[PDB]
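Chemist: One structure, pasted below without further comment.
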Amino acid sequence: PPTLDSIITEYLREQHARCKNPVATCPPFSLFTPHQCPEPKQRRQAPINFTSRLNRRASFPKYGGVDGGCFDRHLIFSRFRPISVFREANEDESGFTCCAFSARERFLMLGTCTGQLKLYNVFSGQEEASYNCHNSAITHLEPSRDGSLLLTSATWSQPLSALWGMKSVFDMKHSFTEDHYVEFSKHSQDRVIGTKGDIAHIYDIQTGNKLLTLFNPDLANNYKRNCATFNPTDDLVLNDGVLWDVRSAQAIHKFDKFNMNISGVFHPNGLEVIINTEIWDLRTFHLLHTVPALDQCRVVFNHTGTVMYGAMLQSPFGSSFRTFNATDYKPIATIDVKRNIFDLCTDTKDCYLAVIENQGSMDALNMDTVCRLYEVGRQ
Amino acid sequence: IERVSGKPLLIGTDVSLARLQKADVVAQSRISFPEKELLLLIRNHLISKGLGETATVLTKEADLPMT
Amino acid sequence: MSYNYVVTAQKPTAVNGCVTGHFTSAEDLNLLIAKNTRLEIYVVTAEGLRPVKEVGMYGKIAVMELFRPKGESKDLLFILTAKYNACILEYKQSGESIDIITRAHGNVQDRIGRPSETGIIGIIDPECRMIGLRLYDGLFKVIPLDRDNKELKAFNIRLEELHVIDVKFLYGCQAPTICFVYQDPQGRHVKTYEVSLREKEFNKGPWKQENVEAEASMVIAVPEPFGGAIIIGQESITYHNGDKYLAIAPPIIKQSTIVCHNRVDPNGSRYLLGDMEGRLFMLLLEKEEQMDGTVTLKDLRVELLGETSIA
Amino acid sequence: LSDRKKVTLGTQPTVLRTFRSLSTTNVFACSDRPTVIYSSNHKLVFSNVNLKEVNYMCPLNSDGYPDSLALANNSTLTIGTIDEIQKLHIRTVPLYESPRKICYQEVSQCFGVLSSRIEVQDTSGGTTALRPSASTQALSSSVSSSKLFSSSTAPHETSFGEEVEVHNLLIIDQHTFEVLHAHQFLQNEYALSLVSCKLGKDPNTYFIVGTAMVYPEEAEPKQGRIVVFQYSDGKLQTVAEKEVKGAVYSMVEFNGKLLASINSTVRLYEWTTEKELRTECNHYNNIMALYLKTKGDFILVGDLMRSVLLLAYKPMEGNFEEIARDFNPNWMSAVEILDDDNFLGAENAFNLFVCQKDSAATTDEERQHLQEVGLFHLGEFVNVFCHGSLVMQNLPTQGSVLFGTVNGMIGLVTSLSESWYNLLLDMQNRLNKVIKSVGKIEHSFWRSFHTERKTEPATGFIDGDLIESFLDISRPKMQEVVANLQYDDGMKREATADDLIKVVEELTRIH
């Protein structure tokens, strides 16, 4: 049978369930007062206003206190402005595919449909010197940081990549015929890794040999677009969304497949693996988050790794921008380009956006691909 | 939904999952209370319902803060 | 090219961290205030305070704590810069020769990662077995203290809990153990752990404490007679010892945030508290002897003590 | 006896005396440079007095001066006593609320300190304070009029008194330091910028405050106004205001014209006889411009995130002109012009660097690019920069810039000669093998420019705080500093101990 030691026990508990964020080891009660559990009331947080983050940082450390860092970046990566438009007035129509910046950001290295990369001054607006590099097209194009090499990849041309030289002499130093897509290594740049299909090959730049070819058919996710990438500590490889020990030549762990296309990239904090929209771990392989706006996009970071970009690869190509935070993935801003976006590259010193956009409508017979520059953080 | 959360014993209520681990804490909390707040509620009920000739009797068992 | 000249007109005045102990002499309490880069060694007279030697260093002192390891009559001082280069200090005096000996050092840092959000936090184990450091938001860098260390070795045991608000150490329970205040995605809690330095691995924790107050800022660990961990919040104060619990919500602490604490009595009977607005409070613990050898808690008292500067 | 040491005081014969000021046996140097010999942080470094020339002293017995002494000189007789002796005597004028800025009036004899008080909102009344500071305890009070943000319905209701901030202007007396006037602003109107100068052909000397309207749960603000004050017969007057679409951050006087920085838009002004303002020009290529320093007709703009930005002003055209721009993204903290060629910049990463304007104007691309010349890790946040020295004018080095910090650590920045740079920098490398600093920390490593992405070693500047510890070094360890080194006295001489100790004293007389 019930008593008052069960009714008054249960009278407070359903009164306790209106606590926004309730407690577990509650204080003693008071029946003549209402009951409300301690709400989250922040005082150690920097305020939402920016000028009040400016008065506070004068008498406090760096930012304004706790939670002052991202509140700068929610004001400064949410706006853009066009700088200049770059054409290809040779056939009176523009036919570029891929873009990047140089190792000292003075020239931007476009890539046409004909097979030649064309230099342009970022200040002038005038061609410097083209280069007959490949025959088919240009898909991937990156330099290194020391200013010595250049990797340029072709679509179907019989050597696929071209390890050039940009010191003083223009020549393919080594040559690869097999792999669709290559990349430099992050920390120590003595490694260029290569991958056709689903098989990853570690190469050298000194000798050009297969250092460690790793592939396991027993554990292959077998995607459509594989891109072998290194962690910024240069110890892990993402071949087909699998971690790879470069030390004793064994597989580590496979991830599950969700959208048939994208194999997986690293995040520049060295803590995660970003499969297409699944955000994983590196030591326990659990899931942190899942964003519905990461449906089949390629990611572009800042050089420090503090903001993420997104471009759609849908059929349309990149209806607008996508700007993410590299800490908690709260999205900043999606500013809109009315045309279709193809390639998207930024600086090491974080001031421009090389935007290869598609003039005109969805036409395979007429693709007008101008190049346009965006200034980071200006209305 | 029961299996990926804190296992209620097949009671159909508040089927959202954020509202299911609220019910993990509010139910299994350890509510305790002083007896003194309840003994004044007993005496405030007896005087109102016509039979108030033991309100003065309750001076002996415990304190009488209000008349 | 431009060549210019920089000196110090005014030495820095604002203080950062204050550790008392027995750094100069064995039976003489003293005060060791660091301000920016200076390390001001006071000593306590019955009339007040008295300096001994002011020593500056090449780095911002942000974390400091004395400790007496087993094997030293006096103590040692550990100081970490803002540039991650650590050092272990030892005072040497020979008459008027007043010297500072750095016994072991070593820059411990990482190539990659976010530094932190709430600064750098460092607490010493009471058995002088490990040295705590929160450095790169996911690592928990532990310094294995030994005389084998002429330079500082380092461990990096991974925190699977990322966004940590506070971390402390708990007192003598045969094992060096940790306390958190961790922000879960769904709620927030106070987890514990246990570190095997011989195995570099977290052990199974003695406490779980699956949900706490929504604004838990600091952890005040109470010592060896009645060991536990007070969890101050913005609005209320608890107590936890794994099995029992006590909780209050005094109407004094309603318009300010608790920022600082200290162990007043050596058995931890009293605790002082400040705020963001100048007040000073006192935590009085009602020590309860349940049995002939059992020590437990009965009541929590918060007494208003008056107004001072911002502590 | 020990070794002698030549210290210069003047051109006349000197007098050295000891006495009792009140206790502790105070020691004075009656010389052409009157110094206190006794102590300086318990150390034998001389500290001056506030008197020109002292010949004799006299221990008299005054009725209104306890144990004081008179000073027989080449002028009048000063019965005075001496306080706690140190290098920098510090006098506190408490006001019990947060100060913001400071200006100066020559014509008026008064300061100006912008304030900040914590208040909570009453339910019945408007607001209420918390403790009696010197804001409400003023000699005269007023409030702003012409409530011109009335058309915006943004001030919605709040529930409790959750610590709003109230600012006002405090005009502090010259010598009594009494709070003369307080002018409480509108609700949630900050005071962010303050100077005091003269604009146009009006001979009045003004106070100019550029404000902003703030709200929490809000982005960067787009409201605000700019108010100009005067001090007519000890009475504060609001002459004119200019409602500006944007927050005002920095202001500096520019040749009779008002320069401001209003949300990444450098907006120079102009004074008219109609007691108004007219925007003379603008500028728009900025992230967020927070810092403005002028010297003549150059304007140095400190950006939010990018860098040093040098901007020209052509008086013939009437409009601004971008000479050059640095591109490396450093978050600025404070900037200052040195000599219209070298430009000093600070950083949030507790560092110093100077961008030098580029000389080889061979083309137009290479003349719009500044060059970072010299790096330094000043291990301290920087708030302020200003001109002016702390020593007396005896009419070496050139110029002097003092800087304000967050730990109360004031230092000095000055310019050297390039022959002495090769003299001083080699002495840093000699001392970085002898001095065992605590931590075994390399000074080349500690002063290295260290951001999150640049670990570039330091160059350019001179850390004279490493130099001036050479006086503390004993001569059996000073003799090992003196290796086969150089000395300029077009000439060429091997270095000696008694001359290298002089060059430090040539720098120690500044500080």
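Quick note: numbers on chain D are straight from Swiss-Prot, i.e. 623-1017, 1023-1116, 1119-1140, in order.
Per the header of the entry, the method used was electron microscopy, 4.2 Å.
The backbone N, Cα and C atoms fix where each Cβ goes, and this holds for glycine too.
What Swiss-Prot records for D:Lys1067 is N6-acetyllysine, and it gives a large-scale study or a structure entry as the kind of evidence. Residues or ranges marked as SUMO2 cross-link by Swiss-Prot: D:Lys1121. Among the features that Swiss-Prot reports, phosphothreonine is placed at D:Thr1125.
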Chemist: For D:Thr1125 (phosphothreonine) and the residue listed as 'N6-acetyllysine', what Cα-Cα distance in Å is obtained after rounding to a whole number?
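Modeler: Here the two Cα atoms lie 28 Å apart.
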Chemist: What Cα-Cα separation, expressed in whole Å, is found between D:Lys1067 (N6-acetyllysine) and the residue listed as 'SUMO2 cross-link'?
Modeler: 35
Chemist: With 8 Å as the upper Cβ-Cβ limit, not reached, which of the recorded positions D:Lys1067, D:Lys1121, D:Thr1125 neighbour chain C?
Modeler: D:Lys1067
Chemist: Could you work out which of the recorded positions (D:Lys1067, D:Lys1121) has its C-beta surrounded by the smallest number of other C-beta atoms within 10 A?
Modeler: D:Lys1121
Chemist: With every protein chain in view, how many other Cβ atoms are within 10 Å of the Cβ of the residue listed as 'phosphothreonine'?
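Modeler: Looking across every protein chain shown, the total is 12.
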